[PDB]
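To keep things clear, I will list the structure first and then write my remarks on it.
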Amino acid sequence: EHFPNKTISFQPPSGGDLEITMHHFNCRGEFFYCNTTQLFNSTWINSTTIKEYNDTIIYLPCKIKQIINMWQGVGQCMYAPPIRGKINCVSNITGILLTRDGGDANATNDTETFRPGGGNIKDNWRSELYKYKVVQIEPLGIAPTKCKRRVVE
Amino acid sequence: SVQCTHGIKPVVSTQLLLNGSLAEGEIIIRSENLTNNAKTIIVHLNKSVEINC
Amino acid sequence: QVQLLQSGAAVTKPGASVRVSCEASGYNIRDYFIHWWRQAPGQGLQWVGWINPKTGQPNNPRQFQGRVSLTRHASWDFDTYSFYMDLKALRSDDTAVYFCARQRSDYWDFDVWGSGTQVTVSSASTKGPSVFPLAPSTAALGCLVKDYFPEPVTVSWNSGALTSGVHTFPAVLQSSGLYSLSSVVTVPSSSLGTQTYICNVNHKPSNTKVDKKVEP
Amino acid sequence: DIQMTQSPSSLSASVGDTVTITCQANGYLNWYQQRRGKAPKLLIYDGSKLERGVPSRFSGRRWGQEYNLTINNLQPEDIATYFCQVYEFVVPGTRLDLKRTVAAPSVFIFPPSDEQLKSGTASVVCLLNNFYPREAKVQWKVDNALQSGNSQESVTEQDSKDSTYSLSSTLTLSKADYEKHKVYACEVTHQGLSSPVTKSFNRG
Ligand SMILES: *[C@@H]1O[C@H](CO)[C@@H](O[C@@H]2O[C@H](CO)[C@@H](O[C@@H]3O[C@H](CO[C@H]4O[C@H](CO)[C@@H](O)[C@H](O)[C@@H]4O)[C@@H](O)[C@H](O[C@H]4O[C@H](CO)[C@@H](O)[C@H](O)[C@@H]4O[C@H]4O[C@H](CO)[C@@H](O)[C@H](O)[C@@H]4O)[C@@H]3O)[C@H](O)[C@H]2NC(C)=O)[C@H](O)[C@H]1NC(C)=O
Ligand SMILES: *[C@@H]1O[C@H](CO)[C@@H](O[C@@H]2O[C@H](CO)[C@@H](O[C@@H]3O[C@H](CO)[C@@H](O)[C@H](O[C@H]4O[C@H](CO)[C@@H](O)[C@H](O)[C@@H]4O)[C@@H]3O)[C@H](O)[C@H]2NC(C)=O)[C@H](O)[C@H]1NC(C)=O
Ligand SMILES: *[C@@H]1O[C@H](CO)[C@@H](O[C@@H]2O[C@H](CO)[C@@H](O)[C@H](O)[C@H]2NC(C)=O)[C@H](O)[C@H]1NC(C)=O
Ligand SMILES: *[C@@H]1O[C@H](CO)[C@@H](O[C@@H]2O[C@H](CO)[C@@H](O)[C@H](O)[C@H]2NC(C)=O)[C@H](O)[C@H]1NC(C)=O
Ligand SMILES: *[C@@H]1O[C@H](CO)[C@@H](O[C@@H]2O[C@H](CO)[C@@H](O)[C@H](O)[C@H]2NC(C)=O)[C@H](O)[C@H]1NC(C)=O
Ligand SMILES: *[C@@H]1O[C@H](CO)[C@@H](O[C@@H]2O[C@H](CO)[C@@H](O)[C@H](O)[C@H]2NC(C)=O)[C@H](O)[C@H]1NC(C)=O
Ligand SMILES: *[C@@H]1O[C@H](CO)[C@@H](O)[C@H](O)[C@H]1NC(C)=O
Ligand SMILES: *[C@@H]1O[C@H](CO)[C@@H](O)[C@H](O)[C@H]1NC(C)=O
Ligand SMILES: *[C@@H]1O[C@H](CO)[C@@H](O)[C@H](O)[C@H]1NC(C)=O
Ligand SMILES: *[C@@H]1O[C@H](CO)[C@@H](O)[C@H](O)[C@H]1NC(C)=O
Ligand SMILES: *[C@@H]1O[C@H](CO)[C@@H](O)[C@H](O)[C@H]1NC(C)=O
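Residue numbers (PDB author numbering), protein chains in the order written: chain A, 351 to 355, 357 to 405, 412 to 414, 414A, 415 to 459, 459A to 459B, 460 to 507; chain B, 244 to 296; chain C, 1 to 52, 52A, 53 to 71, 71A to 71D, 72 to 82, 82A to 82C, 83 to 100, 100A to 100B, 101 to 127, 135 to 213; chain D, 1 to 27, 32 to 91, 96 to 212.
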């Protein structure tokens, strides 16, 4: 709806640091780096053929790092100690961070590409505090009235 | 107006928004301008899909 | 102060890889975006991509994707940077100057601009210049600087002393990849056919000088 | 979808004048002026806002979708190219130069030596010098016959002193088709010249 007539396509991140090409998050002390490259390609033309498939589960490789500069230049260099025992994480996928790609100066082929990842850490919060504005109340008001303070003679 | 906000988690993630909230309306698309590619594009879901890693 | 500077000219063979750099240190560079612009000769500008110094995230248009690559290399103090491109598998008609610019605000205004690097790619690899005379029958007189590659070559007459009404046409390139430009100087009408001139050139890429004694 | 247009881009003006250029767009416009083979400089951004360290002669008229960039008291240094820039699309631009400096061209033909033919190559040039306006037709003919797709034409920059131009027409020929016709003509018709002119030459 937000784009007139262009088919949509997806591609994995085109490069950059490991904090952008990868899906970075935390579990109980250690940090994960999952590829998530099978979830960010497709195309959609006219939905003429419904590619019905079986209930296939998707398995994503996930490298694990220990020395993370999770903030670019203001966070201290880290070293998470290894955590004992099997660790399992169950969570919610509520939002996805996207990024468009520029068009051509000659002739668009009625398509646009979207890429995941990117964005500074602020966007992870701007998508949640989006419904809160802070104001101060000015509790003094002025208005006409037909009472004149009856001053004592 | 409310006295003050509900809960918010300080969870940090880069490519996806792990364990956040949901909007009851529909799939929302938020940006500064969608016509400007520089700004990020934030999509919001109404049916959270469980992750298990 | 901003001193956004770009490296010198680089020439490569077809199908090879090229690298052009650009640096920025004179302000808080950890927060403004950087953009690359290429301009085909005798043609308008053309976007190449935008890279964020914060994370190194690239972005490319449809046609240049895959072939191009954008990368940054920070310093330890986050004060001096160095941005590098790499255009793998260079094509034929991609000889153009490449510009690095800076983004000031969300209005997509660019204030600081780089010096610009001339990049040319073609076959018919490096060789010296050969000058073929033209014999005249006001008037003119030319010293055709044929069959040389690559650009540029100095041009002067009579050790630069006699430059009466010079007209050095810009170097037009033929199919062979050997540059050729015509340089003429205004000369009287009836006095020609007996006077003698000399043309001297130098080709810095090949470092060879040939002095030609043009005669009627 | 952002569409771009431009003024007819073939404009000229005299010293100490005012000129108007037009851009149609539906976004943010930043005016850039560029020299010949030099990095373009930002001139006016947001249509009307004027950048720090810019001569006051410039102006910006944000009206509807139309856009204006009027320069006052046109000086010789103002001779450059101008274009309006939006997020991604960039217009071809505009060409600005001095006007009305009429001068008649002169076809100049110089037969070469036989030395290059020993290397199996022939090269002769038709020259058009000291003329304005630029537009004209320059062609070769073999004993007054059609010749096309075999010459490479170059034009120098605008002539600084007389505000004129100069066009070169270099022709490449094979062995047989060169000396088969001893004399050639290079007819050129141009606004500066009153009547079309033809030339002749001889080798000796
Ligand atoms: C989105 O939301 C989900 C759901 O809430 C969330 O997943 C939850 O994550 C938290 C933390 O990451 C999990 O909490 C941990 O759970 C384990 C599970 O252990 C079970 O099994 C053992 C036996 O093996 C039982 O003993 C135990 O009772 C459980 O049944 C706990 O073992 C963890 O306990 C540690 O932390 C507690 C915090 O109070 C301590 O009290 C406890 O002693 C343990 O502390 C140890 O480690 C500390 C360092 O972490 C150390 O300081 C201590 O000294 C000590 O050594 C812990 O409670 C929770 O189970 C997850 N939910 C589910 C359903 O599994 C996601 O994390 C969230 N999204 C994102 C992105 O985070
Ligand atoms: C980024 O997003 C913002 C929205 O947050 C977007 O702002 C839009 O700008 C355009 C033009 O820049 C606005 O279009 C105007 O809409 C008003 C509505 O009444 C019209 O009246 C306007 O026409 C008059 O405007 C001139 C202003 O001086 C008049 O002088 C003149 O007479 C015109 O007739 C004009 O059409 C638009 O309203 C806003 N808001 C939106 C679209 O919600 C901004 O343009 C975006 N940046 C881009 C696309 O680059
Ligand atoms: C995530 O998976 C993608 C799958 O496409 C990997 O991309 C491949 O990377 C290798 C690197 O050795 C290349 O040789 C391949 O050409 C890439 N594409 C394919 C289709 O294999 C990507 O490398 C993975 N992420 C990481 C961090 O390795
Ligand atoms: C991840 O999504 C699931 C699906 O909604 C959540 O499951 C329910 O979440 C609500 C939240 O208000 C709870 O009240 C319910 O008890 C949950 N279970 C059921 C069966 O409805 C799940 O809670 C989400 N993850 C987290 C950490 O909240
Ligand atoms: C989540 O949002 C989507 C749209 O963003 C909902 O899908 C639409 O539902 C309405 C309800 O009648 C239909 O009229 C539309 O045709 C649906 N659109 C599409 C593309 O299918 C969806 O129902 C919402 N689901 C939940 C659980 O909130
Ligand atoms: C989350 O993942 C874990 C492990 O990937 C699941 O634990 C498995 O559950 C199945 C079915 O209950 C058992 O057959 C396996 O033996 C369990 N362990 C492993 C290593 O596979 C867990 O059930 C998953 N939970 C959800 C809600 O998806
Ligand atoms: C886009 O699609 C609509 C409806 O399907 C159609 O009316 C229109 O002509 C198409 N093209 C453009 C450029 O809007
Ligand atoms: C993802 O989709 C693209 C779209 O054409 C396809 O070329 C590619 O092979 C797919 N897989 C990967 C790993 O990129
Ligand atoms: C996802 O859906 C699309 C469209 O129906 C289809 O082309 C593709 O094969 C599907 N992939 C999986 C894994 O179901
Ligand atoms: C430090 O070591 C890294 C390891 O690759 C290297 O890339 C970098 O150039 C070195 N110097 C600085 C100042 O980071
Ligand atoms: C921009 O130029 C047009 C061209 O005629 C003219 O009306 C005026 O100078 C400007 N238009 C405006 C400011 O609406």
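From the three backbone atoms N, C-alpha and C, an ideal C-beta is built for every residue, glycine too.
Residues that A/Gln-432 contacts on chain C, provided the C-beta gap is smaller than 9 Å: Simply none; closest approach about 15 Å.
In chain order, which continuous runs of the beta strand (DSSP E) of length 3 or greater are located wholly inside the segment 123-182 of chain D? 130-139, 144-146, 159-163, 173-181
Using the rule of at least 16 other Cβ atoms within 10 Å of the residue's Cβ for burial, across every protein chain shown, is B/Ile-251 buried or exposed? exposed
First through last residue of the beta strand (DSSP E) which encompasses A/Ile-452: 446-454
By a C-beta neighbour count over all protein chains shown, 10 Å radius and 16 as the cutoff for buried, is D/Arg-40 buried or exposed? exposed
D/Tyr-86 Cβ short of 7 Å to ligand 2 heavy atom set: no
Contacts that D/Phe-97 makes with chain A (C-beta to C-beta distance below 7 Å): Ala-459B
Under 7 Å (Cβ pairs) to chain C, residues found in the segment 363-380 of chain A: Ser-365, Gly-366, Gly-367, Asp-368, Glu-370, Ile-371
According to DSSP, is C/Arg-38 helix, strand or coil? strand
Starting from the Cα of B/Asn-280, find the closest Cα among A/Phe-468, A/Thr-358, A/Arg-456 and give me that residue. A/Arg-456
Would you verify that the beta carbon of A/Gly-441 is, or is not, closer than 8 Å to some beta carbon of chain B? no
Identify each residue in the segment 27-50 of chain C for which the Cβ-Cβ distance to at least one residue of chain B is less than 9 Å, and report them in chain order. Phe-33, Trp-50
Among C/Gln-43, C/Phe-122, C/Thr-70, C/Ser-21, which one has its Cα closest to the Cα of D/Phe-118? C/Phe-122
Interface residues of the segment 124-142 of chain D facing chain C [CB-CB below 7 Å]: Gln-124, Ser-131, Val-133, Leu-135, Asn-137
Host beta strand (DSSP E) of A/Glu-381 (start-end): 381-385
Could you tell me the alpha carbon to alpha carbon distance between A/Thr-413 and A/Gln-389, rounded to whole angstroms? 13 Å
Pull the bridge partners of D/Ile-75 from the DSSP assignment, please. D/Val-19
Span of the beta strand (DSSP E) holding B/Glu-293? 284-295
Reduced DSSP secondary structure (H/G/I, E/B, other) of D/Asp-185: helix
D/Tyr-49: CB within 7 Å of a non-hydrogen atom of ligand 2: no
What three-state label does DSSP hand D/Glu-70 in the structure shown? strand
Among the residues of its own chain, which have a CB less than 8 Å from the CB of D/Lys-149, if the five just before and after it don't count? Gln-155, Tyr-192, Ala-193, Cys-194, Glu-195
Using a Cβ-Cβ distance cut-off of 8 Å, determine whether A/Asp-457 contacts chain C. yes
Going by DSSP in three states, D/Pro-80 sits in which element: helix, strand or coil? helix
Below 8 Å between beta carbons is the criterion; list the residues of the segment 54-69 of chain C that meet it against any residue of chain A, in chain order. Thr-54, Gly-55, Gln-56, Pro-57, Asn-58, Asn-59, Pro-60, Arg-61, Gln-62, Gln-64, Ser-68, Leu-69
Using only the heavy atoms of ligand 3, determine whether one of them is closer than 7 Å to the beta carbon of C/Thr-165. no
Between the Cα of C/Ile-51 and the Cα atoms of C/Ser-17, C/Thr-70, C/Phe-146, which residue gives the shortest distance? C/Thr-70
Where D/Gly-51 falls: helix, strand or coil (DSSP): coil
Does chain D have any CB closer than 8 Å to the CB of C/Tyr-99? yes
Going by DSSP, what residues sit across from A/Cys-418 in a beta bridge? A/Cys-385
Going by the DSSP bridge assignment, what does C/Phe-91 pair with across the sheet? C/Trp-37
Compute the minimum distance between the beta carbon of A/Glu-482 and the heavy atoms of ligand 4, and state whether it is under 7 Å. no
Can you name the residues of chain A whose CB is closer than 7 Å to the CB of B/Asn-262? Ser-447, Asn-448
Tell me whether A/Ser-365 sits in a helix, a strand or coil according to DSSP, three-state version. coil
Under 8 Å between C-beta atoms, does C/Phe-73 make it to chain A? yes
Hey, is the segment 255-274 of chain B in contact with the segment 66-86 of chain D, meaning 3+ C-beta pairs nearer than 8 Å? no
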